[PDB]
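Trainee: My structure is below; once you've seen it, I'll send some questions.
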Amino acid sequence: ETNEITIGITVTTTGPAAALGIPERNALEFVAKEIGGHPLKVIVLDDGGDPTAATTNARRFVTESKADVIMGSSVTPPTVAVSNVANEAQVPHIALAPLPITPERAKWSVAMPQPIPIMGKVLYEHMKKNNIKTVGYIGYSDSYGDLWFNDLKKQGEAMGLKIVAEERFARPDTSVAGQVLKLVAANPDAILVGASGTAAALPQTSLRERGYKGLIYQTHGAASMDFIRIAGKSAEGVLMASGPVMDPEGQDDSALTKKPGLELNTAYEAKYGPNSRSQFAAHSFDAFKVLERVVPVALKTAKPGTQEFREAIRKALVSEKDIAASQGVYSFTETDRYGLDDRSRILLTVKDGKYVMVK
Ligand SMILES: O=C(O)/C=C/c1ccc(O)cc1
Ligand SMILES: [Cl-]
């Protein structure tokens, strides 16, 4: 057993997904340094978004650092890898990307990002309030893109959407020209883009450049000012699912998410400048808010640096209810590994080069 509580974090600070991981790493400056008087020993590694590196990193944490908790990664593929390692090694894992948490992954993994169906629902609800009958999809040719397309199909169709076109692209692709020509030809009333970070801006710019006039909808993987920096004028009028951390100012004081959002954004934006808030910084910040709640519970009955403590953290994640954080109010169960509800999302648009919450 140790005095310190050991937390390993693998995030993507190089490569195309660096725009997600950099804020996640930077937010660590503003989290707890100590819980219950026990210093937190936080070990941070880059995985480059590569599942192999993330597997290596997670394993370094669980065996070499004897971590009590592991966190990461920034995008879905390395996040699945971390979950594989955490469930084998029996170490609690807080995911920072929204992976499919299957029965094989559920025991030791929970997720900070909003689950795809919560975010889909708020987008499709807007679609059906704004005369959208036909919808096209463009998203990744991998698990994240699949989760979004499957949700559009299942949930979206049931709400009165007809899917008239489906196109995919790979994360590293620098053009989506062919896919966009087909989408523009199909001319759906709206298009849903299933992507994240820099790649989310690519269909935004390509669609507007290549003549698309309909509404464009973006996932919560796009929610940072970076999207507007890259897409520019093509971002105008976009509808975007976001966590509430993007606008704590617009929340009522009664919102449990308001205080922790104001705390993170004030700290982050003091160092990195106005409107540098992000969806992503909030996930690592919120993971520590969760630790603030569950670690004192585990400390009652178990010593840090032991399996008993790992197990106590696992049990506490589902005994401790209504954990307030900047992105939502979490109540995990044995079967619900996201634990979120409507308090975890707002809808954004872009007007005059800035985000505005849609009332
Ligand atoms: O690129 C992915 O696989 C998805 C990234 C993502 C990260 C944080 C979110 O809150 C949503 C999506
Ligand atoms: Cl709380």
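Note on naming: chains are A, B, ... as they come in the structure tokens, residues start from 1 per chain, ligands start from 1 in the order shown.
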Per residue of segment 56-131 of chain A within 7 Å of segment 5-8 of chain A, which atom pair is closest and at what distance in Å (one decimal), using only C-alpha atoms, listed by chain and increasing number, as a tab-separated table?
Mentor:
```
residue	atom	partner	partner_atom	distance
A:61	CA	A:8	CA	5.5
A:67	CA	A:6	CA	4.8
A:68	CA	A:6	CA	5.3
A:69	CA	A:7	CA	5.0
A:70	CA	A:8	CA	4.7
A:71	CA	A:8	CA	6.1
```
Trainee: Please, could you write that set of residues out with C-alpha atoms as a compact mmCIF listing (two decimals), in the first residue's frame?
Mentor:
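And here is the file that came out, selection-v8.txt:
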```
# COMPACT_ATOMS: atom_id res chain seq x y z
CA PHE A 61 0.32 2.29 -15.63
CA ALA A 67 -2.01 2.63 -10.76
CA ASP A 68 -5.22 2.85 -8.71
CA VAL A 69 -7.08 4.40 -11.68
CA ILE A 70 -6.33 4.79 -15.37
CA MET A 71 -7.80 7.39 -17.72
```
Trainee: Please return as a list in words the residues found within 7 Å of ligand 2, counting only C-alpha atoms and all ligand atoms.
Mentor: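 Answer in the requested format: residues 293, 322, 323 and 324 of chain A.
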Trainee: Can you tell me which residues come within 9 Å of ligand 1 when counting only C-alpha atoms and all ligand atoms, ideally as an NGL selection string?
Mentor: :A and (17 or 20 or 73-79 or 96-99 or 112-116 or 140 or 142-145 or 171 or 194-197 or 199 or 219-223 or 242-243 or 279-280 or 282-283)
Trainee: For segment 340-353 of chain A, please output as a ChimeraX atom specification all residues within 10 Å (counting only C-alpha atoms; exclusion window: fewer than 2 positions along the same chain).
Mentor: /A:111-115,118-119,122-123,126,217-218,220,223,225,228-229,231-247,251,255-257,322-332,336-338,355-359
Trainee: Which is closer to residue 278 of chain A than all the others in A:134, A:55, A:14, A:26, using only C-alpha atoms?
Mentor: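 Nearest candidate to residue 278 of chain A out of A:134, A:55, A:14, A:26: A:26.
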Trainee: Within segment 28-264 of chain A, find each residue whose DSSP state, derived from the backbone, is strand (DSSP E), and express the selection as a PyMOL selection string.
Mentor: chain A and resi 34-35+38-46+69-72+93-95+109-111+134-140+162-169+190-194+215-218+239-242
Trainee: Extract, using only C-alpha atoms, all DNA, RNA and protein residues at most 12 Å from residue 66 of chain A, discarding same-chain residues fewer than 3 positions from it, and format them as an MDAnalysis selection string.
Mentor: chainID A and resid 1:2 4:8 41:43 58:63 69:70 86 89:92 304:307 309:310
Trainee: Taking N, CA, C and O atoms for each residue, export the selection above as a CSV table (one decimal), in the first residue's frame.
Mentor:
```
chain,number,residue,atom,x,y,z
A,1,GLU,N,0.8,-1.2,0.0
A,1,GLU,CA,0.0,0.0,0.0
A,1,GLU,C,0.9,1.3,0.0
A,1,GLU,O,2.0,1.2,0.5
A,2,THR,N,0.3,2.3,-0.6
A,2,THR,CA,1.1,3.6,-0.7
A,2,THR,C,0.3,4.7,0.1
A,2,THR,O,-0.9,4.6,0.3
A,4,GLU,N,0.3,7.8,-1.5
A,4,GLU,CA,-0.2,8.5,-2.7
A,4,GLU,C,-1.3,7.6,-3.4
A,4,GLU,O,-1.3,6.4,-3.3
A,5,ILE,N,-2.2,8.3,-4.1
A,5,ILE,CA,-3.1,7.7,-5.0
A,5,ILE,C,-2.6,7.9,-6.4
A,5,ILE,O,-2.3,9.0,-6.8
A,6,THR,N,-2.4,6.8,-7.2
A,6,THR,CA,-1.7,6.8,-8.4
A,6,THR,C,-2.7,6.7,-9.6
A,6,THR,O,-3.5,5.8,-9.7
A,7,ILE,N,-2.6,7.7,-10.5
A,7,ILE,CA,-3.5,7.8,-11.6
A,7,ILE,C,-2.7,7.9,-12.9
A,7,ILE,O,-1.8,8.8,-13.0
A,8,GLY,N,-2.9,7.0,-13.8
A,8,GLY,CA,-2.3,7.1,-15.1
A,8,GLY,C,-3.2,7.6,-16.2
A,8,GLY,O,-4.3,7.1,-16.2
A,41,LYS,N,-0.5,11.2,-7.5
A,41,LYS,CA,0.6,11.0,-8.4
A,41,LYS,C,0.0,10.7,-9.7
A,41,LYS,O,-0.5,9.7,-10.0
A,42,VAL,N,0.2,11.7,-10.6
A,42,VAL,CA,-0.5,11.7,-11.9
A,42,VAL,C,0.6,11.5,-13.0
A,42,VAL,O,1.5,12.3,-13.1
A,43,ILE,N,0.5,10.4,-13.7
A,43,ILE,CA,1.5,10.1,-14.8
A,43,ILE,C,0.8,10.2,-16.1
A,43,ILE,O,-0.2,9.5,-16.4
A,58,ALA,N,-1.3,2.1,-21.0
A,58,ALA,CA,-2.2,1.5,-20.0
A,58,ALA,C,-1.5,0.4,-19.2
A,58,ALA,O,-1.6,0.4,-18.0
A,59,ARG,N,-0.8,-0.4,-19.9
A,59,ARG,CA,-0.1,-1.5,-19.2
A,59,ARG,C,1.1,-1.0,-18.3
A,59,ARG,O,1.3,-1.5,-17.2
A,60,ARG,N,1.8,0.0,-18.8
A,60,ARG,CA,2.8,0.7,-18.0
A,60,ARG,C,2.2,1.2,-16.7
A,60,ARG,O,2.7,1.0,-15.6
A,61,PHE,N,1.0,1.7,-16.8
A,61,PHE,CA,0.3,2.3,-15.6
A,61,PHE,C,-0.1,1.2,-14.6
A,61,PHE,O,0.1,1.4,-13.4
A,62,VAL,N,-0.7,0.1,-15.2
A,62,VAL,CA,-1.3,-0.9,-14.3
A,62,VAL,C,-0.3,-1.8,-13.6
A,62,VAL,O,-0.6,-2.2,-12.4
A,63,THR,N,0.9,-2.0,-14.2
A,63,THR,CA,1.9,-3.0,-13.7
A,63,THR,C,3.1,-2.2,-13.2
A,63,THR,O,3.4,-2.3,-12.0
A,69,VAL,N,-6.1,4.0,-10.6
A,69,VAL,CA,-7.1,4.4,-11.7
A,69,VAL,C,-6.3,4.8,-12.9
A,69,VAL,O,-5.2,5.3,-12.9
A,70,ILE,N,-6.9,4.4,-14.1
A,70,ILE,CA,-6.3,4.8,-15.4
A,70,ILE,C,-7.4,5.6,-16.2
A,70,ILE,O,-8.6,5.4,-16.0
A,86,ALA,N,-7.5,-2.3,-18.9
A,86,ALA,CA,-8.1,-2.1,-17.6
A,86,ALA,C,-9.0,-3.3,-17.1
A,86,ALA,O,-8.9,-3.7,-16.0
A,89,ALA,N,-6.5,-6.3,-16.3
A,89,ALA,CA,-5.7,-6.0,-15.1
A,89,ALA,C,-6.5,-5.7,-13.8
A,89,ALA,O,-6.0,-5.7,-12.7
A,90,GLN,N,-7.8,-5.5,-14.0
A,90,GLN,CA,-8.8,-5.2,-12.9
A,90,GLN,C,-8.5,-3.9,-12.3
A,90,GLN,O,-8.3,-3.8,-11.1
A,91,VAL,N,-8.5,-2.8,-13.1
A,91,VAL,CA,-8.2,-1.5,-12.7
A,91,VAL,C,-9.3,-0.5,-13.2
A,91,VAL,O,-9.6,-0.6,-14.4
A,92,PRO,N,-9.8,0.3,-12.3
A,92,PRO,CA,-10.8,1.3,-12.8
A,92,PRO,C,-10.3,2.1,-13.9
A,92,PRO,O,-9.2,2.7,-13.8
A,304,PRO,N,-4.6,2.8,-0.5
A,304,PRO,CA,-4.2,3.0,-1.9
A,304,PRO,C,-3.1,2.0,-2.2
A,304,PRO,O,-2.3,1.6,-1.4
A,305,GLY,N,-3.1,1.7,-3.5
A,305,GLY,CA,-2.0,0.8,-4.0
A,305,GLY,C,-2.2,-0.6,-3.8
A,305,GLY,O,-1.3,-1.4,-3.9
A,306,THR,N,-3.5,-1.0,-3.5
A,306,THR,CA,-3.9,-2.4,-3.3
A,306,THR,C,-5.1,-2.7,-4.2
A,306,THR,O,-5.9,-1.9,-4.6
A,307,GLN,N,-5.3,-4.0,-4.5
A,307,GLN,CA,-6.5,-4.4,-5.2
A,307,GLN,C,-7.8,-4.1,-4.5
A,307,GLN,O,-8.8,-3.8,-5.1
A,309,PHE,N,-8.4,-1.5,-2.8
A,309,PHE,CA,-8.7,-0.1,-3.2
A,309,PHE,C,-9.3,0.0,-4.6
A,309,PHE,O,-10.3,0.8,-4.8
A,310,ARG,N,-8.7,-0.7,-5.5
A,310,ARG,CA,-9.2,-0.7,-6.9
A,310,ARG,C,-10.7,-1.2,-6.9
A,310,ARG,O,-11.6,-0.5,-7.5
```
